[PDB]
Amino acid sequence: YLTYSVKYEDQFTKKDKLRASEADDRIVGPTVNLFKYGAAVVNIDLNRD
Amino acid sequence: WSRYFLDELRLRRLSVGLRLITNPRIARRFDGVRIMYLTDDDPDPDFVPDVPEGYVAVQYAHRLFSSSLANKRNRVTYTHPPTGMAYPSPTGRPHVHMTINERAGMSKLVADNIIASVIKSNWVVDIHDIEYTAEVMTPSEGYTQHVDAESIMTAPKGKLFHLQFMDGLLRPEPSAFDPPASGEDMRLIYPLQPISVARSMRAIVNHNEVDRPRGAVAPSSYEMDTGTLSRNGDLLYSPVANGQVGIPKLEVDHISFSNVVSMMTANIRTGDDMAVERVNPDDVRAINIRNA
Amino acid sequence: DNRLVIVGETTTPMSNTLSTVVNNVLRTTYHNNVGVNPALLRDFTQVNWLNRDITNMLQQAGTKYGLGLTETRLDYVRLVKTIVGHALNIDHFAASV
């Protein structure tokens with residue numbers, strides 16, 4: 001019901017997908033791609049899908 | 001007790017859902033607003049500007065503002081309820097902390113004279129009927145749309161606005177030889193209650209001078225606590241010490257983003273079509289009925 | 001909301017392919033849609049204070065993070081696994097329902 005909705009800052013961010021180790025890319029992967037370096041604010045809102 | 005003509009399970013899910021509605025993490029319908037003409041150097045949506053030391057609170061009514069012949073021109077005149085003096089020009093009104101509570105039956109010239117009195121005479125005007133949402137604008141995005149002071153004063157009561165606030169933490173610092181600009185970013189409309197109750201982390205960067213940036217926040221320790229799964233089915237946190245029964249997650253008002261969900265595997269198959277054998281009786285005259 | 005979760009497409013990694021900080025987290029299997037959860041930013045993020053303020057939290061005894069298969073209820077007669085408890089990355093309002 002509650003998911004994250006993170007607004008990035010488009011100057012200090014890096015637009016490509018971050019590439020960790022392959023076994024860690026299926027666990028840590030979509031977390032470090034949502035809290036990517038340059039997250040301005042991180043909100044907890046109602047889930048949209 | 002007709003239990004609102006509902007299921008036995010549907011009330012059990014309703015007791016969880018009422019915890020979701022009164023949660024402060026989603027209650028982002030902000031009521032209350034403050035017109036004030038203080039400057040803007042460090043933008044953040046948490047900033048609720050303090051009322052200065054020598055201001056007098058005056059409750060708003062229609063009796064105060066009225067037309068009066070002042071200097072060869074009919075000017076709208078304020079009558080300050082402590083002293084009772086007449087104040088026809090907004091250039092020299094005393095510092096009044098007016099608290100508008102109704103905003104109904106109010107003229108457009110009276111609303112013109114108050115917003116003129118904020119800019120010219122440094123008033124602070126609280127309005128407690130304005131409902132609005134807030135989106136924290138990132139500084140590279142900029143303010144997409146503004147909100148006019150004509151709409152903050154001359155509007156029907158139940159209109160839901162949309163104010164845009166900017167997190168000025170990640171603004172680019174200017175170079176040490178750039179000659180300055182000219183105009184200053186001013187600010188007219190401020191909130192009463194704290195914005196960004198939905199905020200979890202902020203400014204995930206690393207500043208080069210100090211260890212952690214000014215006002216950057218960390219995620220709370222309850223967002224990472226899985227805890228165990230109880231025997232009843234209530235989600236518990238981790239025990240804070242030895243021999244401590246853990247805190248159930250539906251009592252406190254924090255948010256936990258990792259939870260133990262009891263789920264069935266591929267060896268259950270709830271709700272398929274099971275197949276039976278039916279054997280009719282031998283004679284219809286041989287079927288016992290009573291007493292059974 | 002009368003949903004009823006069935007174990008979807010779940011994978012099981014080797015213990016020598018994950019790092020030492022994910023293997024202390026992982027409960028022996030996990031769903032392919034792992035979700036997003038800030039406890040997985042431990043020693044994978046670029047930010048120095050966020051890596052500290054999560055390691056300084058998760059090393060306390062009052063909290064402990066995991067991901068995946070924790071409980072197992074074998075059947076009494078057929079002796080197969082019936083009801084498992086996976087530690088998803090999902091809020092406690094949906095998970096209590």
# chains A, B, ... in the order shown; residues from 1 in each chain; ligands from 1
>>> closest_atom_pairs(of="chain B", to="chain C", cutoff="8 Å", atoms="only C-alpha atoms", output="tab-separated table")
residue	atom	partner	partner_atom	distance
B:13	CA	C:97	CA	5.9
B:16	CA	C:93	CA	6.7
B:17	CA	C:93	CA	7.4
B:19	CA	C:93	CA	8.0
B:20	CA	C:93	CA	6.7
B:204	CA	C:47	CA	6.7
B:205	CA	C:47	CA	5.8
B:206	CA	C:47	CA	5.5
B:211	CA	C:49	CA	6.8
B:212	CA	C:49	CA	5.8
B:218	CA	C:53	CA	6.5
B:219	CA	C:38	CA	7.5
B:221	CA	C:57	CA	6.3
B:222	CA	C:63	CA	7.8
B:223	CA	C:38	CA	7.8
B:224	CA	C:39	CA	5.6
B:225	CA	C:63	CA	5.1
B:226	CA	C:65	CA	5.6
B:227	CA	C:64	CA	6.8
B:233	CA	C:96	CA	7.6
B:234	CA	C:96	CA	6.7
B:235	CA	C:96	CA	6.8
B:237	CA	C:63	CA	7.5
B:238	CA	C:63	CA	5.3
B:239	CA	C:62	CA	5.8
B:240	CA	C:62	CA	4.1
B:241	CA	C:62	CA	6.8
B:249	CA	C:92	CA	7.0
B:250	CA	C:92	CA	7.8
B:255	CA	C:91	CA	6.9
B:256	CA	C:91	CA	5.6
B:257	CA	C:91	CA	4.5
B:258	CA	C:89	CA	4.4
B:259	CA	C:87	CA	5.2
B:260	CA	C:87	CA	4.1
B:261	CA	C:85	CA	5.4
B:262	CA	C:85	CA	4.3
B:263	CA	C:5	CA	5.1
B:264	CA	C:83	CA	4.6
B:265	CA	C:7	CA	5.1
B:266	CA	C:7	CA	7.1
B:267	CA	C:82	CA	6.0
B:268	CA	C:82	CA	6.4
>>> write_last_selection(atoms="N, CA and C atoms", output="compact mmCIF listing (two decimals), in the first residue's frame")
# COMPACT_ATOMS: atom_id res chain seq x y z
N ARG B 13 -10.12 -7.11 8.51
CA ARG B 13 -9.29 -6.29 7.63
C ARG B 13 -9.60 -4.82 7.81
N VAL B 16 -7.33 -3.13 10.46
CA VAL B 16 -6.01 -2.75 9.96
C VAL B 16 -6.12 -1.50 9.11
N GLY B 17 -7.20 -1.39 8.33
CA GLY B 17 -7.35 -0.27 7.43
C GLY B 17 -7.58 1.06 8.12
N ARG B 19 -6.04 1.89 10.86
CA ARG B 19 -4.69 2.31 11.20
C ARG B 19 -3.98 2.95 10.02
N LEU B 20 -4.40 2.63 8.80
CA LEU B 20 -3.79 3.20 7.61
C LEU B 20 -4.33 4.60 7.33
N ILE B 204 20.60 12.61 -0.43
CA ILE B 204 21.53 11.48 -0.41
C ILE B 204 22.71 11.89 -1.28
N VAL B 205 23.60 12.68 -0.67
CA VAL B 205 24.85 13.14 -1.28
C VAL B 205 25.91 13.16 -0.18
N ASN B 206 27.13 13.48 -0.56
CA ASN B 206 28.22 13.64 0.39
C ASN B 206 28.93 14.97 0.19
N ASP B 211 31.07 16.16 7.27
CA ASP B 211 30.76 14.74 7.10
C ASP B 211 29.39 14.54 6.46
N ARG B 212 28.34 15.00 7.13
CA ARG B 212 26.99 14.91 6.59
C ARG B 212 26.41 16.30 6.36
N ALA B 218 18.49 10.68 7.65
CA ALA B 218 18.72 9.24 7.67
C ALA B 218 17.38 8.51 7.73
N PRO B 219 17.28 7.27 7.26
CA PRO B 219 16.02 6.54 7.42
C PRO B 219 15.88 6.08 8.86
N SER B 221 15.04 3.70 12.04
CA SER B 221 15.41 2.31 12.27
C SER B 221 14.22 1.36 12.24
N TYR B 222 13.00 1.88 12.31
CA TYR B 222 11.83 1.04 12.16
C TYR B 222 11.51 0.71 10.71
N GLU B 223 12.11 1.41 9.74
CA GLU B 223 11.85 1.08 8.35
C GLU B 223 12.61 -0.14 7.88
N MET B 224 13.63 -0.56 8.62
CA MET B 224 14.46 -1.68 8.23
C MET B 224 14.24 -2.90 9.09
N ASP B 225 13.47 -2.78 10.17
CA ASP B 225 13.29 -3.88 11.11
C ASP B 225 12.25 -4.84 10.54
N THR B 226 12.69 -6.05 10.21
CA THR B 226 11.74 -7.08 9.81
C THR B 226 10.98 -7.59 11.02
N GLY B 227 11.70 -7.97 12.06
CA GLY B 227 11.09 -8.62 13.18
C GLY B 227 10.74 -10.05 12.82
N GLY B 233 -0.58 -13.87 14.30
CA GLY B 233 -0.58 -13.36 12.95
C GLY B 233 -0.31 -11.88 12.90
N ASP B 234 0.03 -11.30 14.05
CA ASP B 234 0.38 -9.90 14.13
C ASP B 234 1.88 -9.74 13.92
N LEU B 235 2.26 -8.72 13.16
CA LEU B 235 3.65 -8.51 12.82
C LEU B 235 4.37 -7.82 13.98
N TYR B 237 8.04 -6.39 15.85
CA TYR B 237 9.39 -5.91 15.60
C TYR B 237 10.40 -6.86 16.24
N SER B 238 11.66 -6.51 16.17
CA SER B 238 12.67 -7.26 16.88
C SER B 238 12.62 -6.92 18.36
N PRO B 239 12.96 -7.87 19.24
CA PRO B 239 12.98 -7.56 20.67
C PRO B 239 14.13 -6.62 21.02
N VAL B 240 13.81 -5.60 21.82
CA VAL B 240 14.80 -4.58 22.13
C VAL B 240 15.86 -5.07 23.11
N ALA B 241 15.62 -6.17 23.81
CA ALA B 241 16.58 -6.73 24.74
C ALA B 241 16.32 -8.23 24.86
N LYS B 249 3.56 -4.26 15.28
CA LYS B 249 3.73 -3.16 14.34
C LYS B 249 2.48 -2.33 14.14
N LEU B 250 1.32 -2.81 14.55
CA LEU B 250 0.10 -2.04 14.38
C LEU B 250 -0.25 -1.19 15.59
N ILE B 255 6.58 3.12 10.21
CA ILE B 255 6.39 2.32 9.01
C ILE B 255 7.52 1.31 8.92
N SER B 256 7.17 0.05 8.68
CA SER B 256 8.14 -1.01 8.46
C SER B 256 8.02 -1.50 7.03
N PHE B 257 9.11 -1.41 6.27
CA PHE B 257 9.13 -1.85 4.88
C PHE B 257 9.77 -3.22 4.71
N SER B 258 9.69 -4.07 5.72
CA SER B 258 10.10 -5.46 5.55
C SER B 258 9.31 -6.29 6.55
N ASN B 259 8.57 -7.28 6.07
CA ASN B 259 7.59 -7.96 6.90
C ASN B 259 7.50 -9.42 6.48
N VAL B 260 7.18 -10.27 7.44
CA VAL B 260 7.07 -11.70 7.19
C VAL B 260 5.64 -11.99 6.77
N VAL B 261 5.45 -12.43 5.53
CA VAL B 261 4.14 -12.73 4.98
C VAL B 261 4.00 -14.24 4.87
N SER B 262 3.00 -14.79 5.54
CA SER B 262 2.70 -16.21 5.42
C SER B 262 2.04 -16.47 4.08
N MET B 263 2.71 -17.20 3.21
CA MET B 263 2.19 -17.49 1.89
C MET B 263 2.25 -18.98 1.63
N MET B 264 1.30 -19.47 0.85
CA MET B 264 1.21 -20.89 0.53
C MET B 264 2.06 -21.22 -0.69
N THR B 265 2.56 -22.45 -0.72
CA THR B 265 3.40 -22.92 -1.81
C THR B 265 2.52 -23.56 -2.88
N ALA B 266 3.15 -24.29 -3.79
CA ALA B 266 2.43 -24.98 -4.86
C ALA B 266 1.81 -26.30 -4.41
N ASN B 267 1.82 -26.61 -3.11
CA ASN B 267 1.26 -27.85 -2.60
C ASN B 267 -0.04 -27.64 -1.84
N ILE B 268 -0.73 -26.53 -2.08
CA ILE B 268 -1.97 -26.21 -1.38
C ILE B 268 -3.16 -26.23 -2.33
>>> interface_residues(of="chain B", to="chain A", cutoff="12 Å", atoms="only C-alpha atoms", output="compact mmCIF listing (two decimals) with C-alpha atoms, in the first residue's frame")
# COMPACT_ATOMS: atom_id res chain seq x y z
CA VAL B 16 -6.01 -2.75 9.96
CA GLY B 17 -7.35 -0.27 7.43
CA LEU B 20 -3.79 3.20 7.61
CA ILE B 21 -6.16 6.19 7.43
CA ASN B 23 -1.47 7.45 9.88
CA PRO B 24 0.40 10.79 9.73
CA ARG B 25 2.55 9.53 6.84
CA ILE B 26 -0.32 9.98 4.35
CA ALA B 27 -2.25 12.89 5.92
CA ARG B 28 -0.98 15.48 3.46
CA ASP B 44 12.94 24.26 2.78
CA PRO B 45 9.29 23.22 3.17
CA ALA B 134 2.28 20.28 -1.43
CA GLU B 135 4.88 18.86 -3.79
CA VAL B 136 8.50 19.46 -2.81
CA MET B 137 10.12 20.78 -6.00
CA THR B 138 13.71 19.77 -6.66
CA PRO B 139 15.88 22.86 -7.32
CA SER B 140 16.79 21.94 -10.91
CA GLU B 141 13.10 21.48 -11.72
CA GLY B 142 12.05 24.93 -10.54
CA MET B 166 11.36 23.94 -3.06
CA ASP B 167 14.08 22.01 -1.22
CA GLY B 168 16.99 24.42 -1.50
CA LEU B 169 19.54 22.03 -0.07
CA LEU B 170 21.01 20.91 -3.41
CA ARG B 171 21.35 24.33 -5.04
CA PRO B 172 24.63 24.85 -6.93
CA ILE B 195 5.17 20.01 5.40
CA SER B 196 6.79 16.72 4.25
CA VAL B 197 5.34 14.34 6.80
CA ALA B 198 5.83 11.71 4.08
CA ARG B 199 9.59 12.35 4.01
CA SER B 200 11.85 9.40 4.82
CA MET B 201 15.30 10.31 3.48
CA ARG B 202 16.57 13.58 2.10
CA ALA B 203 19.70 14.74 0.24
CA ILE B 204 21.53 11.48 -0.41
CA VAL B 205 24.85 13.14 -1.28
CA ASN B 206 28.22 13.64 0.39
CA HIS B 207 29.31 17.20 1.09
CA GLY B 215 19.70 19.02 7.71
CA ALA B 216 20.03 15.78 5.73
CA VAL B 217 18.08 12.96 7.35
CA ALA B 218 18.72 9.24 7.67
CA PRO B 219 16.02 6.54 7.42
CA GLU B 223 11.85 1.08 8.35
CA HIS B 254 6.09 3.99 12.42
CA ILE B 255 6.39 2.32 9.01
CA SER B 256 8.14 -1.01 8.46
CA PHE B 257 9.13 -1.85 4.88
CA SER B 258 10.10 -5.46 5.55
>>> residues_around(residues="residue 25 of chain A", least_positions_apart="3", cutoff="12 Å", atoms="only C-alpha atoms", output="PDB file with N, CA, C and O atoms, in the first residue's frame")
ATOM      1  N   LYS A  17      22.084   3.076 -15.405  1.00  0.00           N
ATOM      2  CA  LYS A  17      21.802   2.124 -14.342  1.00  0.00           C
ATOM      3  C   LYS A  17      23.108   1.704 -13.679  1.00  0.00           C
ATOM      4  O   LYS A  17      24.094   1.414 -14.364  1.00  0.00           O
ATOM      5  N   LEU A  18      23.123   1.689 -12.346  1.00  0.00           N
ATOM      6  CA  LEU A  18      24.320   1.312 -11.604  1.00  0.00           C
ATOM      7  C   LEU A  18      24.535  -0.190 -11.716  1.00  0.00           C
ATOM      8  O   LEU A  18      23.573  -0.965 -11.687  1.00  0.00           O
ATOM      9  N   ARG A  19      25.793  -0.599 -11.847  1.00  0.00           N
ATOM     10  CA  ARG A  19      26.151  -1.983 -12.137  1.00  0.00           C
ATOM     11  C   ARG A  19      27.021  -2.526 -11.011  1.00  0.00           C
ATOM     12  O   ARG A  19      28.224  -2.249 -10.954  1.00  0.00           O
ATOM     13  N   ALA A  20      26.414  -3.301 -10.123  1.00  0.00           N
ATOM     14  CA  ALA A  20      27.122  -3.976  -9.045  1.00  0.00           C
ATOM     15  C   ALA A  20      27.527  -5.373  -9.518  1.00  0.00           C
ATOM     16  O   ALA A  20      27.538  -5.651 -10.720  1.00  0.00           O
ATOM     17  N   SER A  21      27.895  -6.251  -8.585  1.00  0.00           N
ATOM     18  CA  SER A  21      28.138  -7.650  -8.909  1.00  0.00           C
ATOM     19  C   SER A  21      26.853  -8.330  -9.373  1.00  0.00           C
ATOM     20  O   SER A  21      25.744  -7.876  -9.081  1.00  0.00           O
ATOM     21  N   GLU A  22      27.014  -9.443 -10.093  1.00  0.00           N
ATOM     22  CA  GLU A  22      25.880 -10.047 -10.786  1.00  0.00           C
ATOM     23  C   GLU A  22      24.920 -10.731  -9.822  1.00  0.00           C
ATOM     24  O   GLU A  22      23.699 -10.650  -9.994  1.00  0.00           O
ATOM     25  N   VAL A  28      20.354  -6.296  -4.384  1.00  0.00           N
ATOM     26  CA  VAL A  28      20.656  -4.907  -4.077  1.00  0.00           C
ATOM     27  C   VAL A  28      20.331  -3.998  -5.258  1.00  0.00           C
ATOM     28  O   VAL A  28      20.065  -2.804  -5.057  1.00  0.00           O
ATOM     29  N   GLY A  29      20.268  -4.556  -6.471  1.00  0.00           N
ATOM     30  CA  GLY A  29      20.143  -3.838  -7.723  1.00  0.00           C
ATOM     31  C   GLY A  29      19.059  -2.784  -7.854  1.00  0.00           C
ATOM     32  O   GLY A  29      19.356  -1.609  -8.076  1.00  0.00           O
ATOM     33  N   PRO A  30      17.783  -3.163  -7.725  1.00  0.00           N
ATOM     34  CA  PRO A  30      16.722  -2.151  -7.801  1.00  0.00           C
ATOM     35  C   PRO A  30      16.620  -1.263  -6.577  1.00  0.00           C
ATOM     36  O   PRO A  30      15.828  -0.314  -6.600  1.00  0.00           O
ATOM     37  N   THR A  31      17.379  -1.524  -5.514  1.00  0.00           N
ATOM     38  CA  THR A  31      17.421  -0.582  -4.402  1.00  0.00           C
ATOM     39  C   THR A  31      18.410   0.543  -4.670  1.00  0.00           C
ATOM     40  O   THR A  31      18.071   1.722  -4.529  1.00  0.00           O
ATOM     41  N   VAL A  32      19.632   0.203  -5.094  1.00  0.00           N
ATOM     42  CA  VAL A  32      20.610   1.229  -5.440  1.00  0.00           C
ATOM     43  C   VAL A  32      20.283   1.953  -6.734  1.00  0.00           C
ATOM     44  O   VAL A  32      20.905   2.976  -7.029  1.00  0.00           O
ATOM     45  N   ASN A  33      19.335   1.452  -7.521  1.00  0.00           N
ATOM     46  CA  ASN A  33      18.834   2.198  -8.661  1.00  0.00           C
ATOM     47  C   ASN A  33      17.669   3.107  -8.303  1.00  0.00           C
ATOM     48  O   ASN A  33      17.254   3.910  -9.145  1.00  0.00           O
TER      49      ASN A  33
ATOM     50  N   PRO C  13      20.104 -18.367  -4.667  1.00  0.00           N
ATOM     51  CA  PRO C  13      21.478 -18.160  -5.114  1.00  0.00           C
ATOM     52  C   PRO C  13      22.441 -19.040  -4.337  1.00  0.00           C
ATOM     53  O   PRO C  13      22.102 -19.634  -3.313  1.00  0.00           O
ATOM     54  N   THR C  17      28.478 -16.763  -4.266  1.00  0.00           N
ATOM     55  CA  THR C  17      28.302 -15.730  -5.275  1.00  0.00           C
ATOM     56  C   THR C  17      27.864 -14.398  -4.694  1.00  0.00           C
ATOM     57  O   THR C  17      28.230 -13.354  -5.233  1.00  0.00           O
ATOM     58  N   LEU C  18      27.098 -14.412  -3.612  1.00  0.00           N
ATOM     59  CA  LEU C  18      26.749 -13.187  -2.920  1.00  0.00           C
ATOM     60  C   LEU C  18      27.927 -12.691  -2.094  1.00  0.00           C
ATOM     61  O   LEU C  18      28.853 -13.438  -1.772  1.00  0.00           O
ATOM     62  N   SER C  19      27.879 -11.412  -1.741  1.00  0.00           N
ATOM     63  CA  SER C  19      28.899 -10.829  -0.887  1.00  0.00           C
ATOM     64  C   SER C  19      28.701 -11.269   0.561  1.00  0.00           C
ATOM     65  O   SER C  19      27.751 -11.976   0.904  1.00  0.00           O
ATOM     66  N   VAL C  22      25.462  -9.470   2.078  1.00  0.00           N
ATOM     67  CA  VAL C  22      24.146  -9.861   1.589  1.00  0.00           C
ATOM     68  C   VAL C  22      23.863 -11.266   2.108  1.00  0.00           C
ATOM     69  O   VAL C  22      22.711 -11.621   2.384  1.00  0.00           O
ATOM     70  N   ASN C  32      11.756 -13.016  -6.975  1.00  0.00           N
ATOM     71  CA  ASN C  32      12.465 -12.310  -8.036  1.00  0.00           C
ATOM     72  C   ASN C  32      12.159 -10.820  -8.061  1.00  0.00           C
ATOM     73  O   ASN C  32      13.019 -10.036  -8.474  1.00  0.00           O
ATOM     74  N   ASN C  33      10.971 -10.410  -7.629  1.00  0.00           N
ATOM     75  CA  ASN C  33      10.641  -8.994  -7.477  1.00  0.00           C
ATOM     76  C   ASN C  33      10.930  -8.641  -6.024  1.00  0.00           C
ATOM     77  O   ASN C  33      10.057  -8.726  -5.161  1.00  0.00           O
ATOM     78  N   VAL C  34      12.172  -8.237  -5.756  1.00  0.00           N
ATOM     79  CA  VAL C  34      12.610  -8.050  -4.379  1.00  0.00           C
ATOM     80  C   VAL C  34      12.080  -6.770  -3.757  1.00  0.00           C
ATOM     81  O   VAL C  34      12.145  -6.623  -2.533  1.00  0.00           O
ATOM     82  N   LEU C  40      19.229  -2.589   2.282  1.00  0.00           N
ATOM     83  CA  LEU C  40      20.110  -3.170   1.283  1.00  0.00           C
ATOM     84  C   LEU C  40      21.127  -2.173   0.753  1.00  0.00           C
ATOM     85  O   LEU C  40      21.991  -2.558  -0.038  1.00  0.00           O
ATOM     86  N   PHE C  44      26.872  -0.583  -0.250  1.00  0.00           N
ATOM     87  CA  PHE C  44      26.699  -0.567  -1.697  1.00  0.00           C
ATOM     88  C   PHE C  44      26.473   0.849  -2.192  1.00  0.00           C
ATOM     89  O   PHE C  44      26.520   1.105  -3.399  1.00  0.00           O
TER      90      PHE C  44
END
>>> closest_residue(among="B:71, B:155, B:132, B:117", to="residue 102 of chain B", atoms="only C-alpha atoms")
B:155
>>> select_by_dssp(residues="chain C", states="strand (DSSP E or B)", output="PyMOL selection string")
chain C and resi 6+10-11+26-27+30-31+67-74+81-88
>>> write_last_selection(atoms="N, CA, C and O atoms", output="PDB file, in the first residue's frame")
ATOM      1  N   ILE C   6       0.450 -16.646  -3.112  1.00  0.00           N
ATOM      2  CA  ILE C   6       1.061 -17.919  -3.471  1.00  0.00           C
ATOM      3  C   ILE C   6       2.510 -17.632  -3.842  1.00  0.00           C
ATOM      4  O   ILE C   6       2.805 -16.577  -4.414  1.00  0.00           O
ATOM      5  N   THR C  10      10.512 -17.791  -7.466  1.00  0.00           N
ATOM      6  CA  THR C  10      11.536 -17.513  -6.473  1.00  0.00           C
ATOM      7  C   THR C  10      12.833 -18.184  -6.883  1.00  0.00           C
ATOM      8  O   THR C  10      12.823 -19.320  -7.362  1.00  0.00           O
ATOM      9  N   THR C  11      13.939 -17.483  -6.694  1.00  0.00           N
ATOM     10  CA  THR C  11      15.252 -18.009  -7.010  1.00  0.00           C
ATOM     11  C   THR C  11      16.036 -18.271  -5.731  1.00  0.00           C
ATOM     12  O   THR C  11      15.726 -17.750  -4.659  1.00  0.00           O
ATOM     13  N   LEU C  26      20.431 -12.728   3.764  1.00  0.00           N
ATOM     14  CA  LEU C  26      19.539 -13.503   2.914  1.00  0.00           C
ATOM     15  C   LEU C  26      19.095 -14.788   3.610  1.00  0.00           C
ATOM     16  O   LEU C  26      19.926 -15.567   4.083  1.00  0.00           O
ATOM     17  N   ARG C  27      17.781 -15.003   3.669  1.00  0.00           N
ATOM     18  CA  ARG C  27      17.200 -16.201   4.281  1.00  0.00           C
ATOM     19  C   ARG C  27      16.939 -17.278   3.226  1.00  0.00           C
ATOM     20  O   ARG C  27      15.804 -17.690   2.974  1.00  0.00           O
ATOM     21  N   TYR C  30      14.572 -16.057  -2.085  1.00  0.00           N
ATOM     22  CA  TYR C  30      13.893 -14.769  -2.169  1.00  0.00           C
ATOM     23  C   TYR C  30      13.103 -14.705  -3.465  1.00  0.00           C
ATOM     24  O   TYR C  30      13.399 -15.415  -4.427  1.00  0.00           O
ATOM     25  N   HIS C  31      12.090 -13.843  -3.478  1.00  0.00           N
ATOM     26  CA  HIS C  31      11.292 -13.626  -4.676  1.00  0.00           C
ATOM     27  C   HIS C  31      12.068 -12.805  -5.694  1.00  0.00           C
ATOM     28  O   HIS C  31      12.920 -11.995  -5.339  1.00  0.00           O
ATOM     29  N   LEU C  67      15.740 -11.281   4.572  1.00  0.00           N
ATOM     30  CA  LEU C  67      15.035 -11.272   3.295  1.00  0.00           C
ATOM     31  C   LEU C  67      14.789 -12.705   2.864  1.00  0.00           C
ATOM     32  O   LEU C  67      15.714 -13.370   2.392  1.00  0.00           O
ATOM     33  N   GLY C  68      13.559 -13.186   3.020  1.00  0.00           N
ATOM     34  CA  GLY C  68      13.210 -14.484   2.474  1.00  0.00           C
ATOM     35  C   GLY C  68      12.679 -15.530   3.434  1.00  0.00           C
ATOM     36  O   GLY C  68      12.010 -15.203   4.417  1.00  0.00           O
ATOM     37  N   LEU C  69      12.995 -16.796   3.151  1.00  0.00           N
ATOM     38  CA  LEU C  69      12.357 -17.941   3.794  1.00  0.00           C
ATOM     39  C   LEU C  69      12.749 -18.061   5.260  1.00  0.00           C
ATOM     40  O   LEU C  69      13.894 -18.393   5.578  1.00  0.00           O
ATOM     41  N   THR C  70      11.789 -17.828   6.153  1.00  0.00           N
ATOM     42  CA  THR C  70      12.019 -17.942   7.586  1.00  0.00           C
ATOM     43  C   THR C  70      11.273 -19.121   8.195  1.00  0.00           C
ATOM     44  O   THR C  70      11.891 -19.996   8.805  1.00  0.00           O
ATOM     45  N   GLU C  71       9.955 -19.172   8.044  1.00  0.00           N
ATOM     46  CA  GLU C  71       9.148 -20.220   8.644  1.00  0.00           C
ATOM     47  C   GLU C  71       8.850 -21.311   7.628  1.00  0.00           C
ATOM     48  O   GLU C  71       8.859 -21.081   6.417  1.00  0.00           O
ATOM     49  N   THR C  72       8.585 -22.511   8.134  1.00  0.00           N
ATOM     50  CA  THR C  72       8.231 -23.645   7.290  1.00  0.00           C
ATOM     51  C   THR C  72       7.329 -24.570   8.090  1.00  0.00           C
ATOM     52  O   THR C  72       7.711 -25.017   9.174  1.00  0.00           O
ATOM     53  N   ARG C  73       6.142 -24.849   7.565  1.00  0.00           N
ATOM     54  CA  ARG C  73       5.180 -25.724   8.221  1.00  0.00           C
ATOM     55  C   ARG C  73       4.966 -26.959   7.355  1.00  0.00           C
ATOM     56  O   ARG C  73       4.191 -26.924   6.394  1.00  0.00           O
ATOM     57  N   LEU C  74       5.650 -28.045   7.697  1.00  0.00           N
ATOM     58  CA  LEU C  74       5.473 -29.303   6.989  1.00  0.00           C
ATOM     59  C   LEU C  74       4.126 -29.922   7.330  1.00  0.00           C
ATOM     60  O   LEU C  74       3.598 -29.746   8.430  1.00  0.00           O
ATOM     61  N   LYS C  81       6.122 -29.358   2.308  1.00  0.00           N
ATOM     62  CA  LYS C  81       6.000 -27.993   2.794  1.00  0.00           C
ATOM     63  C   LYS C  81       4.684 -27.384   2.324  1.00  0.00           C
ATOM     64  O   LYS C  81       4.283 -27.541   1.170  1.00  0.00           O
ATOM     65  N   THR C  82       3.979 -26.741   3.254  1.00  0.00           N
ATOM     66  CA  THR C  82       2.651 -26.210   2.981  1.00  0.00           C
ATOM     67  C   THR C  82       2.603 -24.691   3.071  1.00  0.00           C
ATOM     68  O   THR C  82       2.252 -24.024   2.097  1.00  0.00           O
ATOM     69  N   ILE C  83       2.954 -24.125   4.220  1.00  0.00           N
ATOM     70  CA  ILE C  83       2.843 -22.692   4.465  1.00  0.00           C
ATOM     71  C   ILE C  83       4.215 -22.175   4.854  1.00  0.00           C
ATOM     72  O   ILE C  83       4.730 -22.513   5.926  1.00  0.00           O
ATOM     73  N   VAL C  84       4.801 -21.357   3.994  1.00  0.00           N
ATOM     74  CA  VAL C  84       6.096 -20.761   4.264  1.00  0.00           C
ATOM     75  C   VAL C  84       5.897 -19.292   4.593  1.00  0.00           C
ATOM     76  O   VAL C  84       4.897 -18.668   4.224  1.00  0.00           O
ATOM     77  N   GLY C  85       6.854 -18.738   5.325  1.00  0.00           N
ATOM     78  CA  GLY C  85       6.834 -17.320   5.599  1.00  0.00           C
ATOM     79  C   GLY C  85       8.038 -16.617   5.016  1.00  0.00           C
ATOM     80  O   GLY C  85       9.154 -16.774   5.515  1.00  0.00           O
ATOM     81  N   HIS C  86       7.828 -15.836   3.966  1.00  0.00           N
ATOM     82  CA  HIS C  86       8.896 -15.069   3.347  1.00  0.00           C
ATOM     83  C   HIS C  86       8.900 -13.648   3.882  1.00  0.00           C
ATOM     84  O   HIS C  86       7.842 -13.039   4.067  1.00  0.00           O
ATOM     85  N   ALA C  87      10.095 -13.128   4.137  1.00  0.00           N
ATOM     86  CA  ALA C  87      10.260 -11.749   4.576  1.00  0.00           C
ATOM     87  C   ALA C  87      10.388 -10.895   3.327  1.00  0.00           C
ATOM     88  O   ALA C  87      11.475 -10.709   2.786  1.00  0.00           O
ATOM     89  N   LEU C  88       9.260 -10.374   2.859  1.00  0.00           N
ATOM     90  CA  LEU C  88       9.238  -9.542   1.669  1.00  0.00           C
ATOM     91  C   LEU C  88       9.730  -8.135   1.985  1.00  0.00           C
ATOM     92  O   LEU C  88      10.133  -7.819   3.106  1.00  0.00           O
TER      93      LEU C  88
END
>>> atom_distance(atom1="atom CA of residue 46 of chain B", atom2="atom CA of residue 124 of chain B")
18.0 Å
>>> select_by_dssp(residues="chain C", states="alpha helix (DSSP H)", output="list in words")
residues 20, 21, 22, 23, 48, 49, 50, 51, 52, 53, 54, 55, 56, 57, 58, 92, 93, 94, 95 and 96 of chain C
